[PDB]
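Analysis of the macromolecular model
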Amino acid sequence: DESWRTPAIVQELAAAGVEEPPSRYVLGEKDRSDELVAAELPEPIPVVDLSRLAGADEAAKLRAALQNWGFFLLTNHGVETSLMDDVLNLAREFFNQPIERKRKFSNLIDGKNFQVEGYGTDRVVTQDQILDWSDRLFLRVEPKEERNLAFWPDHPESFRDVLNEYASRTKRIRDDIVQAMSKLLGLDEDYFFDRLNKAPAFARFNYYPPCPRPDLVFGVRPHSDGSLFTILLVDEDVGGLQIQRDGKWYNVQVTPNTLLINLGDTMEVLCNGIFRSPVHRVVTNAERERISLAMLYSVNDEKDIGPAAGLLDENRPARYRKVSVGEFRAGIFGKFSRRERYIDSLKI
Ligand SMILES: O=C(O)CCC(=O)C(=O)O
Ligand SMILES: O=C(O)CCC(=O)C(=O)O
Ligand SMILES: [Co+2]
């Protein structure tokens, strides 16, 4: 048919009281023999203090987090509690609007033609592609000139100004993180800032509805982010996010009022694998929905994507192929709905 080109909004399937997840969402036995259960984090959760980041000991904790896990929880980040709560509250108010009004922001233009920006789910490439048990509102926040406000929700009316304020506050955290990472790597901070100059940045509001069979679906499939890194905010996280380290899966819980920073595939290539981009996924539960916001920061199209020359001395040579931004972006976009990691094809 053509029906597989336009997937359903899963929040409405859950509201309908659908007895079992439709076959379009059910994972194959090979991909869920895991029981979708993960172990607990053996070491205590990597947590970095931003207010003490200039200190030598916090920079050491940051190094151990990026080399061993590729992510960490950020505390004392300065973002006010009221602001973080209001971004998630207004997001919940949008997902709770009547379906007819939400469909005016659909990423299926006129209900047929797919684009990334908008409300819906990710691209369905083939008819037998397994769908995730979630919806997402995907919006470009940078550069501010390229914002397409027709896809920003108008109700609640505070959505546009509160997201614009949260975006500017996390871009400030973003700059504080690359500075500390540049110290760890021994490079000039201007190496990353030149590639982040007027680079695309996106806000992904995720809604994971409750699922009648949590052991049969993924809230979001296993994936590594393709950005430089991501700033993740979760509303009263009871569980769901699972991060993979050397093949094993571990439950990680973004505690309230803290932010989770995880590296993307772009950073792993630029840093020649000194740090690793963590693969992660979200499992559902039969009881309660889950809402998260991910701020994704990629690099601009100026310079190609390859190991930084300042890191390629005689001792540690290039571990990845240098590649153009275009084909790098095309590889991340195409392999997201597939099993094979795109970044593994760039390794030498
Ligand atoms: O396919 C997309 O646009 C988003 C997928 C994703 O989570 C990522 O590549 O970081
Ligand atoms: O909702 C989460 O905790 C995962 C966010 C995520 O992986 C993404 O949107 O790229
Ligand atoms: Co992700």
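Residues numbered from 1 in each chain as written, not as in the entry; some residues may be left out. Chains lettered and ligands numbered in written order. Heavy atoms only, no water. Residues with missing side-chain atoms left out of burial classes, pairs and counts.

Mapped onto this numbering, the UniProt entry gives "binding site: Mn(2+)" (unreviewed entry) at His223, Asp225 and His280. For the annotated residues, spread through 58 residues, the largest C-alpha to C-alpha distance comes to 8.7 Å, consistent with a single compact locus. Positionally, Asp225 belongs in the loop between β8 (220-223) and β9 (229-234). Residue classification places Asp225 among the buried positions, given a relative accessible area of 9%. Residues within four places of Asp225 in sequence aside, it is in contact with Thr230, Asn262, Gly264, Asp265, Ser277, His280 and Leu296. At a separation of 3.0 Å, a polar atom in the side chain of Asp225 contacts the side chain of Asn262. (UniProt positions renumbered as here; feature names shortened; annotations may be inferred. Helix = DSSP H or I, 4+ residues; strand = E, 2+ residues; numbered from the N terminus. Buried < 20%, exposed > 50% of the residue type's maximum accessible area, 1.4 Å probe, protein only. Contact = heavy atoms within 4.5 Å. Polar contact = N/O pair within 3.5 Å; in protein donor to acceptor, adjacent residues only side chain to side chain.)

Time to look at the sheet that holds strand β13 (residues 280-282). Strand order across the open sheet formed by 4 strands is β8-β13-β10-β11, with antiparallel pairing between neighbours. The open sheet has two edge strands with one neighbour each: β8 and β11 (248-251). Averaged over all adjacent pairs, the angle separating strand axes in this sheet is 25°, with direction ignored. In the sheet, strand β10 (residues 241-245) pairs with β11 via 4 bridges, with the strands oriented antiparallel. Its bridge partner lying in β11, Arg245 is registered against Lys248. (Pairing = 2+ DSSP bridges. Axes fitted to C-alpha atoms, helices over the stretch in contact; angles between N-to-C directions.)

What follows covers a negative patch on the surface. Among the surface-exposed residues, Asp188, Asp190, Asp194, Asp301 and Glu302 lie close enough to one another that they form a single negatively charged patch. Turning to its location among the elements, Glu302 is positioned in the loop between β14 (290-297) and α9 (325-335). (Patch = residues over 30% accessible without salt bridge, like charges linked within 9 Å, V, L, I, M, F, W, Y side chains within 5 Å. Areas by Shrake-Rupley, 256 points an atom, 1.4 Å probe, with all protein chains shown as cover. Salt bridge = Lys/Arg side-chain N within 4 Å of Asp/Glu carboxyl O. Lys, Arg positive; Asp, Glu negative; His and termini not counted. Charge placed at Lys NZ, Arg CZ, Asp CG, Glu CD.)

The residues that UniProt annotates with the feature "domain: Fe2OG dioxygenase" (unreviewed entry) are residues 197-299. Annotation note: span residues 197-299, helix share 6%, strand share 42%, distance between end C-alpha atoms 8 Å.

What follows concerns the site of ligand 1. Around ligand 1 sit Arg204, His223, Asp225, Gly226, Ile332 and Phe336, and those are all the residues in its vicinity. Within the side chain of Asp225, a nitrogen or oxygen atom sits 3.4 Å from an oxygen atom of ligand 1. Protein chains bury 85% of the 290 Å² of accessible surface belonging to ligand 1 in isolation. Residues that form the shell around ligand 1 fall into these classes: 2 nonpolar, 2 polar and 2 charged. (Near = heavy atom within 4 Å. Nonpolar A, V, L, I, M, F, W, Y, C, P; charged D, E, K, R; others polar.)

With that out of the way, let us pick up α9. Inspection of α9 places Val325, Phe328 and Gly331 among the buried residues, and these make up the whole buried set. Here the buried residues of α9 occupy an arc of 130° about the axis, which is enough to place them on one side. Taken together, the buried residues of α9 touch α8 (265-270). The backbone nitrogen of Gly326 has a side-chain oxygen 3.3 Å away, supplied by the residue at the start of α9, namely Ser324. (Arc of directions from axis to C-beta.)

Along its 13 residues, helix α3 (residues 56-68) runs 18 Å from first to last C-alpha, staying within 8% of the 18 Å computed at 1.5 Å per residue. Buried within α3 are the following residues: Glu58, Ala59, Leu62, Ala65 and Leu66. For α3, the angular spread of the buried residues around the axis is 120°, confining them to a single face. Across α3 from its buried face, at more than 90 degrees, point the exposed residues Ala56 and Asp57. Against β1 (47-49), β2 (71-75), α6 (159-185) and β12 (259-263) lie the buried residues of α3. Following α3 by one or two positions, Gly70 has its phi on the positive side, about 75°. (Expected span 1.5 Å × (residues − 1).)

Within the structure shown, the criterion is met by 13 aromatic pairs. Summarising the aromatic geometry, the rings of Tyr25 and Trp133 are spaced 5.1 Å apart at their centres and angled 80° between planes, so their arrangement reads as edge-to-face. Of this pair, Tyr25 sits in the loop between α1 (10-15) and α2 (29-32) while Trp133 is found in the loop between β5 (118-120) and β6 (135-142), placing the two residues 108 residues apart along the sequence. For the pair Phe94 and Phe105, a centre-to-centre distance of 5.8 Å together with 70° between the ring planes defines the contact as edge-to-face. Taken together, the residues span a long stretch of sequence, with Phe94 in helix α4 (residues 81-95) and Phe105 in the loop between α5 (99-102) and β3 (108-109) at a distance of 11 residues. Residue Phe94 is classed as buried on the basis of its relative accessible area, which comes to 1%. (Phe/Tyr/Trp six-rings, centres within 6.5 Å; stacked < 30°, edge-to-face > 60°.)

Another point: the site of ligand 2. Neighbouring ligand 2 are the residues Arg204, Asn206, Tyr208, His223, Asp225, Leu232, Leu241, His280, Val282, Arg290, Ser292 and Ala294. One of the side-chain nitrogen or oxygen atoms of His223 is found 3.3 Å away from an oxygen atom of ligand 2. Considered on its own, ligand 2 offers 300 Å² of accessible surface; in the complex 95% of this is hidden by protein. At the level of elements, β7 (201-208), β13 and β14 are the ones that each hand at least two residues to the shell around ligand 2.

Scanning the entire structure with this criterion turns up 20 salt bridges. The partner of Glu80 in a salt bridge is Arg169, with the nearest N and O atoms 3.9 Å apart. Residue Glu80 is located in the loop between β2 and α4, and its partner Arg169 is located in helix α6; the two are separated by 89 residues in the primary sequence. Residue class for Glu80 comes out partly exposed when judged on its relative accessible area of 48%. When the shortest N-O distance is used, the salt bridge between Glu289 and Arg92 registers 2.5 Å. Within this pair, whereas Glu289 is found in the loop between β13 and β14, its partner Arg92 is found in helix α4, the two being separated by 197 residues in sequence.

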